[PDB]
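*Asks:*
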Amino acid sequence: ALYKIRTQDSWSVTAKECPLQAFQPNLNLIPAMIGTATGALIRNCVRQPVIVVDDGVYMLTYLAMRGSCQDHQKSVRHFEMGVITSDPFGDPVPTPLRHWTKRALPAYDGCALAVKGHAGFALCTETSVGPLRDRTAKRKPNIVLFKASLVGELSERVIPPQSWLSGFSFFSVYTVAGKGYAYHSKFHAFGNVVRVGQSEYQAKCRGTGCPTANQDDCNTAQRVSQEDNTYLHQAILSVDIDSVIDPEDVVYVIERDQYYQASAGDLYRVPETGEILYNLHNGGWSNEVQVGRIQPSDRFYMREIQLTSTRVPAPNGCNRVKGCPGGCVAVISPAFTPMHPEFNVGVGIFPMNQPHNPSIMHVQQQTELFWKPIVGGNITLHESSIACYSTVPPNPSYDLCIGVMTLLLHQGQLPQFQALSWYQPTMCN
Amino acid sequence: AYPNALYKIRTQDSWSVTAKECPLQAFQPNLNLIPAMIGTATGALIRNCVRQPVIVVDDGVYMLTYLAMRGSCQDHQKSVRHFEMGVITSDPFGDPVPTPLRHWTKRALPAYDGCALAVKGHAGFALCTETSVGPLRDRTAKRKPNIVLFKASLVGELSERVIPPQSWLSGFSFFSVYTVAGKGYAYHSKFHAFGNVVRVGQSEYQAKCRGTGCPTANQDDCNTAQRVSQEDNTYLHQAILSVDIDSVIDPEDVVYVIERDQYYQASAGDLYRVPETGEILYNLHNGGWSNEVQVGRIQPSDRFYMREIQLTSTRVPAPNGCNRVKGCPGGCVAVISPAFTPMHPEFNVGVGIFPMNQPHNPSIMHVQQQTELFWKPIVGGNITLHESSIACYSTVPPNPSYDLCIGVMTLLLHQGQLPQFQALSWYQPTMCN
Numbered sequence: 198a199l200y201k202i203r204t205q206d207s208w209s210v211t212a213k214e215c216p217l218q219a220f221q222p223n224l225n226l227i228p229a230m231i232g233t234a235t236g237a238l239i240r241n242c243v244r245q246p247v248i249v250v251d252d253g254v255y256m257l258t259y260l261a262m263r264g265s266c267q268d269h270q271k272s273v274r275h276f277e278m279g280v281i282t283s284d285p286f287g288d289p290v291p292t293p294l295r296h297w298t299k300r301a302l303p304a305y306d307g308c309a310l311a312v313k314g315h316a317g318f319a320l321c322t323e324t325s326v327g328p329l330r331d332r333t334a335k336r337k338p339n340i341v342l343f344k345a346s347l348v349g350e351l352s353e354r355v356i357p358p359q360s361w362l363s364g365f366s367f368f369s370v371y372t373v374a375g376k377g378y379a380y381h382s383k384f385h386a387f388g389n390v391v392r393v394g395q396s397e398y399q400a401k402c403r404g405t406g407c408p409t410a411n412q413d414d415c416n417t418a419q420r421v422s423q424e425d426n427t428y429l430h431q432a433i434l435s436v437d438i439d440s441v442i443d444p445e446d447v448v449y450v451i452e453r454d455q456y457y458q459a460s461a462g463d464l465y466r467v468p469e470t471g472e473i474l475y476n477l478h479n480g481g482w483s484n485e486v487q488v489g490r491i492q493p494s495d496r497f498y499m500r501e502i503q504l505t506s507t508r509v510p511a512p513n514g515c516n517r518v519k520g521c522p523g524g525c526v527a528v529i530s531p532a533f534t535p536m537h538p539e540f541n542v543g544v545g546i547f548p549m550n551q552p553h554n555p556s557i558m559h560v561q562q563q564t565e566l567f568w569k570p571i572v573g574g575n576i577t578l579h580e581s582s583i584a585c586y587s588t589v590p591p592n593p594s595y596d597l598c599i600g601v602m603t604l605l606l607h608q609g610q611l612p613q614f615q616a617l618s619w620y621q622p623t624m625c626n
Numbered sequence: 194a195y196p197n198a199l200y201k202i203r204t205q206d207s208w209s210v211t212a213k214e215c216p217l218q219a220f221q222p223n224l225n226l227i228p229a230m231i232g233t234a235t236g237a238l239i240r241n242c243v244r245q246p247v248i249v250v251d252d253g254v255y256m257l258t259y260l261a262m263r264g265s266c267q268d269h270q271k272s273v274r275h276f277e278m279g280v281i282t283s284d285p286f287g288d289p290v291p292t293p294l295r296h297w298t299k300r301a302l303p304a305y306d307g308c309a310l311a312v313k314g315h316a317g318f319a320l321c322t323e324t325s326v327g328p329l330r331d332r333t334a335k336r337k338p339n340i341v342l343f344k345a346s347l348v349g350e351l352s353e354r355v356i357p358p359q360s361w362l363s364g365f366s367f368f369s370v371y372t373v374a375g376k377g378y379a380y381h382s383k384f385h386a387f388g389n390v391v392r393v394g395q396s397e398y399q400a401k402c403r404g405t406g407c408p409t410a411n412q413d414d415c416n417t418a419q420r421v422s423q424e425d426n427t428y429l430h431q432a433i434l435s436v437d438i439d440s441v442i443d444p445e446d447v448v449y450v451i452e453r454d455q456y457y458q459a460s461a462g463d464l465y466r467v468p469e470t471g472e473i474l475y476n477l478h479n480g481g482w483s484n485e486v487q488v489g490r491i492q493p494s495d496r497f498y499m500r501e502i503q504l505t506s507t508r509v510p511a512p513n514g515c516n517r518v519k520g521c522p523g524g525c526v527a528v529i530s531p532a533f534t535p536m537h538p539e540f541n542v543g544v545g546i547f548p549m550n551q552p553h554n555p556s557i558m559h560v561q562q563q564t565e566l567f568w569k570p571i572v573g574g575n576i577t578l579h580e581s582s583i584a585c586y587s588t589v590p591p592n593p594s595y596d597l598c599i600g601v602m603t604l605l606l607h608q609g610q611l612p613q614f615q616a617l618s619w620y621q622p623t624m625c626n
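Quick mapping for you: the protein sequence lines, in order, are chains A and B. Take the position in the first sequence, starting the count at 1, then add 197; the result is the number in the UniProt record's numbering. Take the position in the second sequence, starting the count at 1, then add 193; the result is the number in the UniProt record's numbering.
Have a look at this one:
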C-alpha cells in the first residue's frame with residue numbers, strides 16, 4: 198500500500214475531557230482529492246455519500262445518476278478505498294487506491310460503510326425503484342454485503358430477506374446510508390425494518406422539539422401501511438463477515454418509542470470500552486440534532502445525548518410548521534461525529550444561511566465552540582458525511598477530519614461530490 | 194461483476210483509415226453529453242489548483258494524469274502528480290463511459306512536470322521531467338533534468354525507471370532534454386512522445402516566421418521567441434523521444450531533434466499514430482505567440498519535418514486584458530487551452546476543445562478542412578477554461594453515425610477559487626452530409 202500514517206478514533210477515551218477552546222481563527226482546510234469528478238457541467242447527480250476511516254485506511258461510497266436525482270433504475274453505485282498519507286506539506290491527506298462501480302440493474306441504495314484492518318465493507322439494499330416505492334409495493338429486498346480491499350477485490354454475499362435472524366417477525370429489512378463498524382467478525386450498521394405495530398410501544402412524540410405534538414400525528418409519521426398496520430422501525434444490523442457458509446446475519450429491532458422517525462444514521466464504537474454511540478440523521482419532521490448512546494438491556498434503547506440546541510433548517514420554499522409532525526421537513530444534510538467517548542464533544546457538517554452553505558460546527562455539551570462556513574455565496578449543501586481521526590500519538594492541539602459532501606455548485610446543474618480535510622481544534626481552554 | 198480489464202468495451206482509434214472520407218454533416222442539434230466520472234475531486238472549495246491534464250485511450254482502456262497544487266498554480270515544490278487508469282464500459286443507458294480502476298500519486302519532492310501519456314493493452318506509460326522549480330527556471334539555471342518513465346497497469350504495480358541526462362542516445366548534440374505534457378503512443382517496444390531540447394543554434398536553420406498566422410512577422414523577433422540563452426546561443430527545439438518500454442537491461446532511450454524551421458515555437462503537444470499505415474499526426478499546443486491551431490504530420494526524411502495541415506482558420510484567443518499584437522512574435526500570448534484530436538488519417542477532420550466567448554467558456558469544435566461543422570458551448574456563464582485534453586474513439590464495429598469522445602479539462606468553476614478538474618463524454622457526430 199501507499200505509505201500511510203497510523204490513525205485512531207477521535208472518540209477514543211484518550212480524547213480531551215477538559216472544556217475546549219473556542220477556535221476563533223479560520224480553519225486550516227487541506228486537500229482531500231478522493232472520489233471522482235461527477236459531471237459538474239452535464240447535469241449528473243450524486244447522492245448518499247459516506248466516508249469512514251480506520252487506521253489510515255478509508256472507504257468512500259456514493260450513488261450517481263443522470264439527468265435527475267431520482268433515477269435508481271439508471272443509477273451507478275460507486276465504491277472506493279484508499280489510504281491517508283503525508284502530503285508535500287507534511288499534512289495527512291487521503292488518496293484513492295482502488296475504485297469500483299456497480300451498474301444497475303440492480304441498483305444499490307442506502308449503503309453503509311465500515312473499515313477494519315485494511316479491509317472495507319459495504320451493506321446495500323438491492324433494489325430497482327428505491328426504498329420508498331419498495332415499502333409501498335410491500336417488496337422484500339435482497340441485501341448485499343460487499344467486501345473490498347486495497348488489492349482490488351470486491352466480493353459480494355447476497356442476504357435473502359427470509360435469512361435474517363430476529364426474535365420477532367418482521368415484514369422486510371432495509372439498509373440505510375451511514376457509517377458502521379466491524380467488530381468480532383461482525384459488521385454492525387443502522388437499518389430500517391417494516392414491522393406491524395405492537396400495543397406496548399407507541400411513537401415517540403412530545404418533547405423539547407415539539408412540546409404539544411399530537412400522538413396520532415406521530416404514529417402517522419412512522420406508519421408504512423394503514424391497512425396492514427405496519428411501521429418503519431429503526432434497527433441494528435449485525436452481519437457476518439467471516440462465514441460465507443451458514444452465515445449468521447442478525448437484525449436487532451428498536452421499538453418505535455425510541456425515535457420520532459426511522460432514518461439513516463451512523464454507529465460509532467468506542468475502541469476501549471465497546472460502548473456504541475449513534476448519530477440519527479434527519480429528513481423527517483424532527484429538527485433536533487439526534488445523537489446518543491445505544492444501550493442494549495432488556496431491549497435496545499437509544500439514550501439521547503444533548504449535543505446542541507441549534508435546530509436543523511427546513512428547505513427554502515417551506516413556510517409550514519417547523520419541527521412538528523405535520524409541517525416542514527428537516528433537511529438531511531447534518532452529520533455529526535463524536536470527539537468524546539460519551540459524545541460530550543462533537544464535530545459536524547451543517548447547512549448555514551439561507552442558501553444552506555456547507556459549514557463546520559464544533560459543539561461541547563450545548564456550547565457552540567465555533568460555527569464556520571466552508572464557502573458562502575449560492576453553494577447549497579445537500580448531503581454530507583464526516584470522519585474525524587487522530588494521529589498515533591495524537592497531536593496535542595489538532596485532530597484531522599475528512600468531510601465528503603454533495604453540493605449544488607452551479608445553477609441548473611445537479612448535486613456534485615466534493616471533499617475536503619481540515620485540522621480540527623482539540624486544544625483545552 | 195464490475196467494470197474491469199476483461200469486461201470492457203472494445204474500441205479503436207478515431208484517426209484509423211476506416212474513418213469517414215465523405216463531406217460531413219454539420220450537426221445542428223445539441224450534443225448528447227454523457228458522464229465521465231474519472232479523476233478525483235480537486236478541492237473546488239479549498240483553493241486547490243490542477244494543471245497539465247492529459248487523457249489517452251486504447252482499446253477500451255484509458256490513462257489520465259494531472260498536476261495538483263495547494264493555494265496557487267505555481268508551486269512545483271509542493272505539488273502532487275496524479276496518475277490513473279481505468280476502462281470504458283457500457284453505462285446503465287447502454288452508453289460507453291470511462292470509469293477508474295487504479296489511482297497513484299507522486300508526492301513532491303521531487304515534482305514531475307510535463308508528463309506525456311500512452312496506453313497499450315492493459316499497461317500505461319508516463320514520461321515526466323524530474324524537477325523542483327519547473328521547466329522555465331530549469332532552463333534559465335542551465336540544469337540537465339532527469340526524466341522518469343512510469344509503468345502502470347490495471348492489475349499491476351506502478352514502477353519507475355530513471356533516465357539520466359547523459360544516458361540519452363542521439364544523432365545530435367544537445368544541452369538538455371525536457372518532457373512536455375500531451376499524448377504519445379506505445380507501439381512494439383517503444384514509447385514515442387513529444388519532447389523539448391535546449392540546443393545551440395545552427396547556421397542553416399532559422400525560426401519559422403512569416404505565414405498565414407503572421408504575414409508581417411519579423412525574422413529577428415521570431416528567432417528571439419525561440420531563444421533560451423542569448424549568451425550561449427541556445428534555442429528551444431521540438432523533439433521526439435523514443436523510450437524503451439520492454440527492456441530493463443541496457444535500456445535504449447533515443448532523442449530525435451527537429452530543427453527550429455519546422456515550428457514557430459517549441460511547445461507541448463500530442464502525437465497520433467495511424468494504426469494501419471503508421472503515419473504520425475501531431476497537435477502542437479499553443480501557449481506561445483502563434484494563435485493558429487497547429488496540426489500536421491511528422492515526416493522523417495533527410496531530417497525530421499513537421500508538415501503543417503490547415504485544419505481551421507479560427508484563431509486561438511489571447512488572455513483577458515491583453516492589448517499587444519495578436520498571433521505575432523513579441524506580443525500577446527495565445528492561450529494553451531485548445532486541444533485537437535484527429536478524426537481522419539490525414540487530419541482532414543478534427544474535433545477539439547476550445548475556449549469560447551469572453552470568459553473562455555469550454556466548448557467543442559468540429560472542423561473538416563477549414564469548414565466549421567459545429568462550435569457548441571458546454572456551459573456558459575463565467576466558467577473559464579484553462580487546459581484540456583481530448584480522446585475520441587470508435588466502438589468496433591463503428592457506430593455508423595457517432596464516435597465517442599472523452600474530454601478532460603481544468604476549469605475555474607467559482608470566483609476566488611483555482612482551476613478544477615472536470616471531465617465529460619459525448620457522442621461525436623460522424624455522419625455524412
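Heads up, the beta-carbon is just placed ideally off N, CA and C, and yes, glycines get one too.
1) Against residue 272 of chain A, what residues of chain B qualify as contacts under a CB-to-CB distance less than 8 angstroms, listed in chain order?
2) Taking 8 angstroms as the CB-CB limit, is residue 267 of chain B close to chain A?
3) Between the stretch 459-468 of chain B and the stretch 500-507 of chain B, do three or more beta carbon pairs fall short of 8 angstroms?
4) Alpha carbon to alpha carbon, what distance is there between residue 480 of chain A and residue 616 of chain B?
5) Under 8 angstroms, Cβ to Cβ, is there at least one residue of chain B near residue 412 of chain A?
6) I think residue 379 of chain B touches residue 318 of chain B, with their Cβ atoms under 8 angstroms apart; what is that distance to the nearest whole Å?
7) Just to confirm the assignment: which complete beta strand (DSSP E) runs, minimum length 3, are found wholly within the stretch 504-543 of chain B?
8) For the stretch 505-519 of chain B against the stretch 527-539 of chain B, do three or more pairs of beta-carbon atoms, one drawn from each stretch, fall closer than 8 angstroms, so that the two count as touching?
9) Does any CB atom of chain A fall closer than 8 angstroms to the CB of residue 553 of chain B?
10) Mapping DSSP to helix, strand and coil, what is residue 561 of chain B?
11) Looking at the strands, I want to know which residues DSSP matches up with residue 474 of chain A.
12) So, under 8 angstroms CB-CB, residue 458 of chain A and residue 435 of chain A are touching, yes? Tell me the CB distance rounded to an integer number of Å.
13) Tell me whether residue 338 of chain B counts as near the ligand FAD, meaning its Cβ is closer than 7 angstroms to at least one heavy atom of that ligand.
14) State buried or exposed for residue 624 of chain A, treating a residue as buried only when at least 16 other CB atoms are found within 10 Å of its CB.
15) Could you pull out every unbroken beta strand (DSSP E) segment of at least 3 residues lying fully inside the stretch 201-261 of chain B, listed in chain order?
16) Going by DSSP in three states, residue 293 of chain B sits in which element: helix, strand or coil?
17) Can you tell me whether DSSP reads residue 455 of chain B as helix, strand or coil?
18) Hey, quick one: how far does the alpha helix (DSSP H) through residue 328 of chain A stretch, first residue to last?
19) Kindly list, in the order they appear in chain A, the residues whose Cβ is closer than 9 angstroms to that of residue 612 of chain B.
20) So, helix, strand or coil for residue 415 of chain B, using DSSP?
21) Using a C-beta cutoff of 8 angstroms, does residue 301 of chain B count as contacting chain A?
22) So residue 430 of chain A is in the beta strand (DSSP E); what residue range does that whole segment cover?
23) Between the stretch 353-369 of chain A and the stretch 390-397 of chain A, do at least 3 Cβ pairs fall closer than 8 angstroms?
24) Which same chain residues, not among the five before or five after residue 468 of chain A, have their C-beta less than 6 angstroms away from its C-beta?
25) Mind listing the chain A neighbours of residue 616 of chain B? Cutoff is C-beta to C-beta under 9 angstroms, in chain order.
26) Any beta carbon from chain A within less than 8 angstroms of residue 572 of chain B's own beta carbon?
27) May I ask which residues mark the beginning and end of the beta strand (DSSP E) holding residue 321 of chain A?
28) Please report how far the alpha carbon of residue 607 of chain A lies from the alpha carbon of residue 606 of chain B, in whole angstroms.
29) Assuming residue 291 of chain A and residue 229 of chain A are in contact, meaning their beta carbons sit under 8 angstroms apart, how far apart are those beta carbons, in whole angstroms?
30) Against residue 226 of chain B, what residues of chain A qualify as contacts under a CB-to-CB distance less than 9 angstroms, listed in chain order?
31) Buried or exposed, going by whether 16 or more other CB atoms sit within 10 Å of the CB of residue 223 of chain B?
32) What are the partner residues of residue 385 of chain B, as DSSP defines its beta bridges?
33) So, does the CB of residue 319 of chain A fall closer than 8 angstroms to a CB anywhere in chain B?
34) Mapping the DSSP letters down to three states, classify residue 359 of chain A as helix, strand or coil.
35) Is it a yes or a no for the stretch 584-592 of chain A touching the stretch 565-576 of chain A, going by three-plus beta-carbon pairs under 8 angstroms?
36) Which chain A residues sit within Cβ distance under 7 angstroms of residue 336 of chain B?
*Replies:* If we stick to the structure as given:
1) What you label residue 272 of chain A is simply residue 75 of the first sequence in a count that begins at 1. Result: 285.
2) For this step, residue 267 of chain B is matched to residue 74 along the second sequence. So no, residue 267 of chain B is outside the interface.
3) no
4) On the second sequence, residue 616 of chain B is found 423 positions in, with the first residue counted as 1. On the first sequence, residue 480 of chain A is found 283 positions in, with the first residue counted as 1. Cα to Cα, the separation comes out at about 32 angstroms.
5) On the first sequence, position 215 is the one that residue 412 of chain A refers to. Residue 412 of chain A does not count as touching chain B.
6) Stepping through the second sequence from its first residue, residue 379 of chain B is reached at position 186. Stepping through the second sequence from its first residue, residue 318 of chain B is reached at position 125. About 6 angstroms separates the two Cβ atoms, so the contact holds.
7) 532-535
8) Touching, yes, given that three or more Cβ pairs across the two stretches are closer than 8 angstroms.
9) Working through the second sequence from its first residue, we reach residue 553 of chain B at position 360. Output row for residue 553 of chain B: interface = no.
10) For the purposes of this step, residue 561 of chain B is taken as the residue at position 368 of the second sequence. Residue state, collapsed to three classes: strand.
11) On the first sequence, residue 474 of chain A is found 277 positions in, with the first residue counted as 1. In the DSSP assignment, the residues bridged to residue 474 of chain A are A:465, A:490.
12) If you number the first sequence from 1, residue 458 of chain A lands on position 261. If you number the first sequence from 1, residue 435 of chain A lands on position 238. Contact annotation, residue 458 of chain A with residue 435 of chain A: C-beta distance approximately 23 angstroms; criterion of less than 8 angstroms not satisfied.
13) For the structure depicted, the ligand FAD is absent and the ligand set is empty, with no information on it obtainable.
14) As a position in the first sequence, residue 624 of chain A is number 427, starting the count at 1. Residue 624 of chain A is classed as exposed because its beta carbon has fewer than 16 other beta carbons within 10 Å across all chains shown.
15) 241-251
16) Here residue 293 of chain B refers to the residue found at position 100 of the second sequence. Here residue 293 of chain B carries a strand assignment [DSSP, helix/strand/coil].
17) Translated into the one-based positions of the second sequence, residue 455 of chain B becomes position 262. Here residue 455 of chain B sits in helix by DSSP.
18) One-based indexing of the first sequence puts residue 328 of chain A at position 131. Run containing residue 328 of chain A: 328-333, per the alpha helix (DSSP H) assignment.
19) Translated into positions along the second sequence, residue 612 of chain B becomes position 419. Identification of chain A residues near residue 612 of chain B by a Cβ-Cβ cut-off of 9 angstroms yields none; the smallest Cβ-Cβ distance measures about 13 angstroms.
20) Against the second sequence, residue 415 of chain B aligns to sequence position 222. Reduced to three states, the DSSP call for residue 415 of chain B is helix.
21) Stepping through the second sequence from its first residue, residue 301 of chain B is reached at position 108. Answer yes: the Cβ-Cβ gap between residue 301 of chain B and chain A drops below 8 angstroms somewhere.
22) Along the first sequence, one-based indexing puts residue 430 of chain A at 233. Counting along the chain, the beta strand (DSSP E) containing residue 430 of chain A begins and ends at 427-437.
23) yes
24) Start at 1 with the first residue of the first sequence, and residue 468 of chain A comes out as number 271. Only 206, 209 meet the Cβ criterion.
25) What you label residue 616 of chain B is simply residue 423 of the second sequence in a count that begins at 1. Chain A residues near residue 616 of chain B: 233, 234, 236.
26) Translated into the one-based positions of the second sequence, residue 572 of chain B becomes position 379. By this cut-off, residue 572 of chain B is an interface position.
27) For this step, residue 321 of chain A is matched to residue 124 along the first sequence. Looking at the DSSP string, the run of the beta strand (DSSP E) that includes residue 321 of chain A is 316-324.
28) Indexing the first sequence from 1 puts residue 607 of chain A at position 410. Indexing the second sequence from 1 puts residue 606 of chain B at position 413. So the alpha carbons of these two residues sit roughly 8 angstroms apart.
29) Start at 1 with the first residue of the first sequence, and residue 291 of chain A comes out as number 94. Start at 1 with the first residue of the first sequence, and residue 229 of chain A comes out as number 32. The pair is a contact, with the Cβ atoms about 5 angstroms apart (cut-off 8 angstroms).
30) For this step, residue 226 of chain B is matched to residue 33 along the second sequence. Going along chain A in sequence order, the residues near residue 226 of chain B (Cβ under 9 angstroms) are 236, 238, 239, 240.
31) Along the second sequence, read from residue 1 onward, the residue named residue 223 of chain B stands at position 30. Flag for residue 223 of chain B reads exposed.
32) The sequence position of residue 385 of chain B within the second sequence is 192, counting from 1. The partner list for residue 385 of chain B (beta bridge, DSSP) reads B:378, B:435.
33) In the first sequence, counting from the first residue as 1, residue 319 of chain A sits at position 122. Under the Cβ criterion of 8 angstroms, residue 319 of chain A is not counted among the residues facing chain B.
34) Taking the first sequence and counting its residues from 1, the one referred to as residue 359 of chain A is at position 162. Helix at residue 359 of chain A.
35) These segments do not touch.
36) Within the second sequence, numbered from 1, the residue matching residue 336 of chain B stands at position 143. Neighbours of residue 336 of chain B on chain A: none; closest Cβ ~20 angstroms, over 7 angstroms.
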